[PDB]
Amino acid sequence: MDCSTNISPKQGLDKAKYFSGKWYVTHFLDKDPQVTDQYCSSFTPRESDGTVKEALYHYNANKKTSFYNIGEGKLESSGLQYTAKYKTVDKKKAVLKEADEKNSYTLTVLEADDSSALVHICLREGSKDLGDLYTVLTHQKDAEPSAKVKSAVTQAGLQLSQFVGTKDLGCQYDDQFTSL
């Protein structure tokens, strides 16, 4: 399922609010009905002079497995949006696999305040699109997203009730990895 082509970052967002601390996905919306496994995710995005680098963590709640990555990209001029390439690393941040130049993901920030954020992610594997992925984030695990971010969800044409809540999945996180 192809990703939406009508996704743009919110104008006027302050980078400092998004590129700080660590983020936990509290709710997510995957539009592809063929998916089966549900994931938990946490990441730490940093930025310097328009260059973005982030440590990502995924935990497969169904198969009880996890994987780590390091994404690197550049900030678009338009807004808080960037397309990054990613390498695969272990829990110690050692490189297990270099980045495949044909793969990428574009992350678009739709809203972000001091406690939460809403982002859109489009992952691509060369030519195949994995489909739209919307994720609500908070700095505190299982915390409640702000009213401001919930409003962003509505404005995005989505219903919070359709999102999957991760606080009930029995998530396992590696706070050591995202800390720092």
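Take the two forms, superpose them, and find the largest set of C-alpha atoms that agree within 1.5 Å; that set is the rigid core. Note that residue numbering follows the sequence shown and begins at 1.
Between 78-86 and 93-101, the larger root mean square Cα shift in 6 other deposited structures of this protein, once each structure is superposed on the rigid core, falls on 93-101. Larger root-mean-square CA separation from the shown form, computed after a rigid core fit of the structures in 6 other deposited structures of this protein, is seen for 5-13 when 5-13 is set against 21-29. Comparing the deposited coordinates for 28-36 and 113-121, the stretch with the larger average C-alpha B-factor is 28-36. Two stretches are in play, 4-12 and 169-177, and the higher mean C-alpha B-factor belongs to 4-12.
Across 143, 70, 152, 136, the entry's maximum B-factor at the CA atom is seen for 143.
Based on the entry's C-alpha B-factors, the most elevated value among 63, 53, 58, 148 belongs to 63.
In the deposited entry, the Cα temperature factor of residue 80 places it in the middle third of its chain's modelled residues. Ranked by Cα temperature factor within the chain, residue 99 sits in the middle third according to the deposited record.
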